[PDB]
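[1] Experimental structure and its sequence below.
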Amino acid sequence: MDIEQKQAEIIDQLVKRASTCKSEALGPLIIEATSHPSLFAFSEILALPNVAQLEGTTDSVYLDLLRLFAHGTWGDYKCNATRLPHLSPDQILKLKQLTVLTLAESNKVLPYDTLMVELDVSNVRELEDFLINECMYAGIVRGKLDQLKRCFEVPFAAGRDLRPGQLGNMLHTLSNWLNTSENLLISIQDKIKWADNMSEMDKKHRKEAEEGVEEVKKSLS
Amino acid sequence: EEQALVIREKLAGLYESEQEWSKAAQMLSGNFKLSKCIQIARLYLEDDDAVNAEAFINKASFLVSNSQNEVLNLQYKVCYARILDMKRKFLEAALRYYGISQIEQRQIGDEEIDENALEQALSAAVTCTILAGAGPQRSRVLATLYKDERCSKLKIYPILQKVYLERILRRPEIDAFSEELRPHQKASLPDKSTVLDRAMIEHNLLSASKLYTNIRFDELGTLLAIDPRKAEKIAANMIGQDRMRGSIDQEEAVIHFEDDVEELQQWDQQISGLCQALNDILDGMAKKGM
Amino acid sequence: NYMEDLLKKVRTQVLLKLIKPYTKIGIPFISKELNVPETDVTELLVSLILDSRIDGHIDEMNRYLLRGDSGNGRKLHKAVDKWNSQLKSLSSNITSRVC
Amino acid sequence: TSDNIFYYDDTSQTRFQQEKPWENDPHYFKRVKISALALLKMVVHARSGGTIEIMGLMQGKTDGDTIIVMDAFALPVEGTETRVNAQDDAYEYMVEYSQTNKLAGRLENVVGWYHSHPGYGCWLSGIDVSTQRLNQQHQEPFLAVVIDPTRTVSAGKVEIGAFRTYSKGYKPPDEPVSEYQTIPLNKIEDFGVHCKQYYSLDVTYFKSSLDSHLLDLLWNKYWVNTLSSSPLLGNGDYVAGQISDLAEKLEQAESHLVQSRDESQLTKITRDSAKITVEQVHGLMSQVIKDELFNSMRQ
Amino acid sequence: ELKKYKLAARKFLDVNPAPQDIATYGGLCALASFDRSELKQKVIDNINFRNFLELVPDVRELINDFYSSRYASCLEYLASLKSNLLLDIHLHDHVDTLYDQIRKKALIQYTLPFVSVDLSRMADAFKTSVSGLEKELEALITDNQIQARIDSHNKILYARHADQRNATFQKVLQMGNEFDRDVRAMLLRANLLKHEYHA
Amino acid sequence: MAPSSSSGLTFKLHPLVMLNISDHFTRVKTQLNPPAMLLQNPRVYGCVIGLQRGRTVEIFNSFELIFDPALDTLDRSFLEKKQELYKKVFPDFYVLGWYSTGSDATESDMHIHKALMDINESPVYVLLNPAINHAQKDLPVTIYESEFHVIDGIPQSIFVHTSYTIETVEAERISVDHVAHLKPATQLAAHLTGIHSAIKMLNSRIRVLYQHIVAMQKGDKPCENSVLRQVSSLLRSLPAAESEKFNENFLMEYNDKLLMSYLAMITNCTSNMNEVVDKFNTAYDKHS
Amino acid sequence: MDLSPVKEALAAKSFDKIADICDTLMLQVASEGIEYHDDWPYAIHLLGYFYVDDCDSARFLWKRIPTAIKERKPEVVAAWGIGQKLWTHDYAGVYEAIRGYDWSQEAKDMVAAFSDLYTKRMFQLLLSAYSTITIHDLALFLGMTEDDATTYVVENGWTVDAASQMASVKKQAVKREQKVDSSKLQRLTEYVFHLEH
Amino acid sequence: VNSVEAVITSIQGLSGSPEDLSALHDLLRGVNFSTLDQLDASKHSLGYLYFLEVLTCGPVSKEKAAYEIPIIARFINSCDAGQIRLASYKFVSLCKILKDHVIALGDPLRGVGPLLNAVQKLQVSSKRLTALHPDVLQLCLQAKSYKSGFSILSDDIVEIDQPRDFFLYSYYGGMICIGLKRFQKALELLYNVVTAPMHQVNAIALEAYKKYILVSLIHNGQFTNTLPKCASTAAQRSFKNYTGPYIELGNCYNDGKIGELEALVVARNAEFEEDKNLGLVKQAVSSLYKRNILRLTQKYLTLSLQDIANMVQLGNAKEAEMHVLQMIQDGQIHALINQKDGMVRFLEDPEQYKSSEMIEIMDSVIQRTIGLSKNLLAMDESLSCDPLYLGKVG
Ligand SMILES: [Zn+2]
């Protein structure tokens, strides 16, 4: 939430200009947009119709650069490192932060070995230095680092923009949660009604006990 | 008396101008009351000869009036800086400089007492708060120092934040802070590896407790920039004095930064955060979207 | 003379604070910090434990002091054993009267 | 109506003071109304007092057979269960607090005193009755509120209780019944000696229009707390006491059974065992509900 | 009767109304029965009686060595004085059992602090072969005093600690089955008596 | 209006403060107007106590205070008297600010606010709105914070808004529900109903968010990607604990409670076994 | 008699249910009065109990064997030979008895599957009761040759010293599975109701 | 008979189980395989039994034994539940004659199956101890059919019809468990015979005691010299007189002297063989070796194979390994062995009581206790309504 409004102010300026730039002016625009060390969501610029007609011209490299930042990773960049333009150190640093977010989306305890492969570091100290000064202190995530088990827990992590093929899963995930909440309603209700039925049946049954002996007492007296 | 001192200080002033502050201190020594005391104190403080002058200023402070444009408070603050050299009066001094900070912003004569003096006092007040240790009141005045002001423009901002917000202070940054810290060469005392070294490593170890859960002794040397044996020594007494919370082991050579609660209580925190985020989505959209 | 009394009170005072923030202190480590031969360190350490001043135990094989760990819920586990034993006696007596 | 409980009327209050109809029969008062603010203040202070007793005073008016309690305040007196009439230590505090509060909004006289028995009952001890005897002797309207801060957390509700002391010699020819309470074995002796000296009174809860509106809005933001909370958090030593305390009662019952041979320490013990186990199982039921609803499954 | 250790030593020390006998025995029998605190109170904190203990410097030195974990020296001194000690009626009547008790006390005090006691060291420490000390340890542990298990491969005495929680679960479940079977046997036994009374 | 607070501290309110302020306004108005058109809704004043650790400002209790009408400020003699008395009972709470009843803070309060900077230099100003409105859906209170600016050279201490959370203990929870929904059941139904009502409130919000997303899926609903990011961040933490460490402890507690239940039943059976056997002995006498 | 269910189970390779089929059918066969001491699949009945580990009942059944049919057919004598090793816990001797008198076409497979099951059961004992075992005794208990025993164990992870001819035992790994009970609130409610009378 | 001719029509006509048939039964109370052969089987009910009883009234056997036994099997299997339920002593007399037919014709297993079916239908409640229970137990035990006769043995029997039938049910039921390797239940049934009210000594009481001691040694591992308190006064005063040789075996087992146990069995082999106990006693001979090794578990942590053999006086190395391997199979010990050093390591119980499996074990035990309370409650109501109880307390 706290990270949302920080992008919100910058997004409005970005979308306002991007809605009006000519074909060439988007070139420098995308470079700074992916390099600002606050902006992590870019699909709003992607959804803006001006970039739709840019696909096809000589600036097509810029669009694929945006798509990588919209939904992509370091492993994806290395495979297609030829066509994509050379990135300044600031751009690379931003995408390394996005690496943790994607892995933190489908997991909560991140093993060390997975992190070294994706982030391309050498020893434990280099990896831990990156996490402290670029992930937790930036406010992107909030966790704790362990050294004996070599794992990094990620309780809170800001989500990323949806790649094509996630909204359908969101509805199923939400609907499944709704059904579990709903099925817990009648399940609770049945337990309460079960207590009433057993209590009433018992009190009627014990009532037949003393009435049985009350007749017995007077019969033999 | 006063007439002899004025004539002697006139010769002292000429000596002080011509790189003879040592001769100026001897000659001068040998809010009208405050002004006379401040003139002797200022030369004494500048040449670090406040002996026999701080008491004289204090003796005249009883009869010292206020009048108009009293710079005696600044001289007392400078005297407090000499007090803060050894008596560690920075806690009172830092609040004093804040008084002479942009808090008292007005015409105030010229820019030497309303533009530059406040900026220097603001910078000085920040440094003194850092020098003091512990200080729940020091934490309290740290809040208002970071609280807007011009500190964001100030050059010491990085340190201030890293101090205010418990953050790991890297060795290269603390060297610059100590390097610039040369007010009277008493603050940077070399007495038993200084006190800033003991103060900085205390703070860096304090910030690492929240950030970690356990750490081997070998990696406690890379950060904190010290040999593992020394790091084990300071970590021992810090726990002994009930500063941080944790335990120490040697077979694996690790320190368990516990400072937490049971996983059931940790589980409850996740649930509370889970429900809290649910409310903000509805509240954020209902208020803004519609 | 009074040296024997004078020596001990200084020795145990520093030793008690030395091992306070430690779960497993090393026997050679105590010798080097206190500048005392390891033999006397061992003799002082065992004598302190027999007086219940120290809480843990010492590893003769590996030269370590296994300080007692944090005590989990034990009175609850102690009480149920007393609850169990009393329930054993009452149930046996109740049944054994019809004969 | 909702605001008519207020307005201490001095010209009306003095009317009940002169008639003094409570001198003849001790059974005059049969109702104790308690305001919303007072109960909240008493509970917080008692809960924050730990395992040691506390003490305090409350102020209120009176009307007919009901003793209304408006507000309460604390008093730094230690060991109210040991020293009888222990309020004399802060007598200067009582004078200053009442005098200072009279200027702004406070007008009601001090009515009674309250303490907090920490987890062994909601009753009046032999020391407690003696203190109330002197206070009732001097000031005729005098209550004694006893609240339990541990069992309040434990099962589901506040363990409040109000009492009024009978005059010496007056033997009540009614023998009223009372609800059974679990008493630790180190406090039963005091209860047995003093049982027909403190008749109880009914307790209700009223509030004002503004108070009722805030509480309704306040409760609607409590569903988060009702879920993300485990009351069985520090109850590891508290539960150990009763389980241990149940042993000697069983041991005494077994020893008494062989010598001879509600039912003597057999049905009561069963009630105590159920009164301990059910609350723990009730806490377990909440954990299972939270388990399925949140820890559902990956996909 | 009159063959106790702690009470007998207390009575011998507390003489209402010779001097060598008072100096002898006393703490020797007390150490066989009294614990560390009681022995310390009755010897070290007994300056009134320690004045008599000064007349017997060897006995006081042996008591201190026992208190200072010097089992070898005091054991050797007692062995040297064993012939002389058991020649004064009071010890001549019963000396072997007293010495046996001091030995057992020495073992239990030895194994108390350590967790990983080495039996090889105790062999020459107590001047006994490894097999003999092994048999003594079997005798002690079978009496459930030295709570430990003897590893017979590398000659290490690994101390034994209980888990309580796991022990409690085993004990409770066993109790329930015993109660369950007895109650079922209760019903059958009651009906047989009912049938007989009808006849 | 008042901008957000840049201090970074977090404020944790307590319900005690809520009930104290409302009662103070009730007593004054109910007596100013003839109890047997209450001029203009009157106002009260007082101070709030509480401790501060790290970057958290916590408020626990408060006391009233007479407003001096002569100099239009707060008299110091009464403040000292009240402060001394509270320090004896509460030895760890210091003054953190002042309270008043009203709708919106004005610049006149700034002159008063400047007086309280002597103690706790940067205090807070809790304001309560007593206007009874049924259309509101939150507690009518705003917590303001002292802000030193340099706007146009003049200091111009401007009040700014801060975010607060109503943090409460479990003990306060029990009393609140006892008084709010005062009884005009047994024990099992009462316990389950509390959880039952909470889940019902939870279920409604999940449905409400569901309708908006499904409308986004097929309906018009112009895309709002901002809510999508927060939804995914919300959705990536559902399994809560999801660890073998938690499972071992959770199943540990489950078996511990069953063990007490097993022993509790046997005590009940033993009690039930007792008296029946004496009924057998008094009928089929063994002495025969 | 109507031996079809016995024949059907053998045809369907229902060796687990073979033992239960004969005893149920035998009671009905004896009740009516049809002679069975010389018609009943007596050899098959004995071997069926060995598969499901009821060697005790096989002993009484063999005690009820007609004396003539013992001297008539060698299959029943050979079938009881395996049982003698199982009763006496001769782990290595079972393989000798299994590879003995040539089994007819009927018991074909019904013996091979049982022999395969014995090896699987024997392996579990070795995994849970051994740490270091020589390859010589490994071949004896598991059954096959030294070269085959060495090859088989290394496919399960058991590593073997090539100098002293001994294999070191490990407990392989474990699984996770799941619980999926969902019957938790119902049971808890029952205990609460019964607890408070 | 003249009424029998109308009864045949009434069998397929005037049914009225509790009316017409009731009247018919009353009339009967107050053929020659020709008219009965033309009668019905299920509809006849008491009529079929009356014809069967009259036809079997003769003392004819052998040839008549074979014919009626096959015929009775058809009637028993094809018997209506209601007709069998209302059947008095008449029914059990038919089943008693059926057994005698089998024991004389040939193998007792020939009619074991049909006899067991009668118990299933005639039993009204699972708590009813029918007089037919000892009847089928004797047949299955003698016919070498331990597996088949164990299905009847239950644990919900609380009602006693004939006191002799309870002793025979428990005694024969115990013998089934011992031969079937079911020592857990074998103790329970045999425990009730000794702990039963009896004025004087009985033959069954002594025979149950002898089996109890040996079974206790095999399973428990000790001999308690004191009889349980909940026992008849006659048993306490006199029970050792006839258990002399058996008592000495237990004392030797408690000590641990293998030589005395190995010599006492051979020395007094005559007495033990007489009571058909020698087969079971030898099972207790090899139980000492398993017990002594179990004692070392709570005394060591790692021991060598050679030392184990010397301590228990067993033999060579392979003997010690073989005993350990068998113990691990049963579950009486948790150990691991190695052959580099020839040593045995005594592990601890892997059970943690922190698994979902323990929940089901705990839950089943909880549910059993709940059912136990109901039985106690039902006892209370019947006694509270007993007219004798009110009179004495009144
Ligand atoms: Zn009290």
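    Structure's in. What do you need? Residues are numbered from 1 along each chain as shown, chains lettered A, B, ... in the order given.
[2] Quick check: closest non-adjacent residue to residue 135.
    Picked chain A for this. Closest residue to residue A:135 apart from its sequence neighbours, by Cβ to Cβ, 6 or more residues apart in numbering or on different chains: residue A:141 at 5.1 Å. Heads up, the C-betas are built off the backbone N, CA and C, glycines and all.
[3] that's the other chain; I wanted chain G
    residue G:165 (4.7 Å).
[4] and if you look at residue H:49?
    residue H:90 (5.4 Å).
[5] What helix or strand is that neighbour located in?
    For residue H:90, the host element (DSSP states H and E) is helix H:89-105.
[6] show me where chain G has strands.
    G:130-134, G:159-161, G:166-168 (DSSP state E).
[7] looking at the ones you listed, which is closest to residue A:58?
    Set against residue A:58 and scored by Cβ to Cβ, the strands of chain G come closest in strand G:159-161, at 62.5 Å.
[8] For residue 33, give me its contacts.
    You didn't pick a chain, so chain A it is. A:14, A:18, A:39, A:42, A:45, A:66 (Cβ atoms under 8 Å, 6 or more residues apart in numbering or on different chains).
[9] hm, I was asking about chain F
    Contact analysis of residue F:33 by Cβ under 8 Å, 6+ apart lists residue F:39.
[10] any idea how far residue D:252 is from the residue nearest to residue A:135?
    From residue A:141 across to residue D:252, the span is 60 Å (Cβ to Cβ, to the nearest Å).
[11] the more surrounded of the two?
    Legend: neighbour count by other Cβ atoms under 10 Å in any protein chain shown for residue A:141 and residue D:252, higher for residue A:141 (20 against 14).
[12] Could I get the phi/psi values of that one?
    Backbone torsions of residue A:141, given as degrees, to the nearest 10, read phi -130, psi 180.
[13] so it makes contact with residue A:105?
    No: if you go by Cβ atoms under 8 Å, residue A:141 and residue A:105 don't touch, sitting 11.3 Å apart.
[14] Can you point out the buried residues in stretch A:1-14?
    For stretch A:1-14, the neighbour count (16 or more other Cβ atoms under 10 Å in any protein chain shown) marks A:3, A:4, A:7, A:11, A:14 as buried.
[15] Longest helix in the chain, please.
    Reading this off chain A. Longest helix in chain A by number of residues (criterion: DSSP state H): helix A:167-219.
[16] Chain G, not that one
    Per DSSP H, chain G has its longest helix at helix G:112-129.
[17] hmm, that helix touching chain H?
    Yes: using Cβ under 8 Å from any Cβ of the partner chain, we find that helix G:112-129 touches chain H at G:125, G:128, G:129.
[18] cool, and stretch A:207-221?
    Yes: among the residues of stretch A:207-221, A:209, A:212, A:213, A:216, A:217, A:220, A:221 lie within reach of chain H under Cβ under 8 Å from any Cβ.
[19] Redo those as CSV? Include neighbour count.
    Output for the residues of stretch A:207-221 next to chain H, formatted as CSV (neighbours: other Cβ atoms under 10 Å in any protein chain shown):
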residue, neighbour count
A:209, 13
A:212, 12
A:213, 17
A:216, 15
A:217, 12
A:220, 9
A:221, 8
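[20] any idea which of the contacts of residue A:33 is closest to residue B:128?
    residue A:39 (39.1 Å).
[21] quick one: the residue nearest to residue E:191 when sequence neighbours are not counted from residue A:192, how far?
    Nearest-residue entry for residue E:191: residue H:160, 5.1 Å, with adjacent residues in sequence omitted and distances by Cβ to Cβ, 6+ apart. Distance of residue H:160 to residue A:192, computed by Cβ to Cβ: 43 Å.
[22] Check residue A:119 too.
    When distance is defined by Cβ to Cβ, residue A:119 is 53 Å away from residue A:192.
[23] As a markdown table, the buried residues of stretch A:1-14 with distance to residue F:143 and secondary structure would be great.
    Output for the buried residues of stretch A:1-14, formatted as a markdown table (distance: Cβ to Cβ, whole Å; DSSP: H, G, I helix; E, B strand; the rest coil):
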| residue | distance to residue F:143 | secondary structure |
| --- | --- | --- |
| A:3 | 24 | helix |
| A:4 | 23 | helix |
| A:7 | 27 | helix |
| A:11 | 30 | helix |
| A:14 | 34 | helix |
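[24] Using CSV, please lay out these together with distance to chain H.
    Below are the buried residues of stretch A:1-14 laid out as CSV (distance: Cβ to the nearest Cβ, whole Å):
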residue, distance to chain H
A:3, 40
A:4, 41
A:7, 45
A:11, 49
A:14, 53
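[25] Chain F next: which of the residues you listed are close?
    Here is what survives when the buried residues of stretch A:1-14 are matched to chain F using Cβ under 8 Å from any Cβ: residue A:4.
[26] which among the buried residues of stretch A:1-14 gets closest to chain F?
    Closest approach between the buried residues of stretch A:1-14 and chain F, by Cβ to the nearest Cβ: residue A:4, at 6.6 Å.
[27] hey, where'd the helices end up in chain B?
    With DSSP H as the criterion, chain B has helices at B:2-17, B:21-29, B:32-46, B:54-61, B:72-86, B:90-99, B:116-131, B:136-146, B:157-164, B:171-180, B:196-211, B:219-222, B:228-240, B:263-288.
[28] Let me know which of those is the nearest to residue H:391.
    Of all these, the one in closest proximity to residue H:391, counting by Cβ to Cβ, is helix B:263-288 (60.2 Å).
[29] is that closest one anywhere near chain C?
    No: on the criterion Cβ under 8 Å from any Cβ, helix B:263-288 is out of touch with chain C, staying 13.2 Å away.
[30] Using the record, which stretches count as separate domains in chain G?
    What automatic domain parsing lists as the domains of chain G is G:4-129, G:132-172.
[31] I'd like the ones you listed laid out as a markdown table, including mean neighbour count.
    Converted to a markdown table, the domains of chain G look like this (neighbours: other Cβ under 10 Å):
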| stretch | mean neighbour count |
| --- | --- |
| domain G:4-129 | 16 |
| domain G:132-172 | 15 |
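[32] now those domains as JSON lines including distance to residue B:72?
    Below are the domains of chain G laid out as JSON lines (distance: least, Cβ to Cβ, whole Å):
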{"stretch": "domain G:4-129", "distance to residue B:72": "90"}
{"stretch": "domain G:132-172", "distance to residue B:72": "84"}
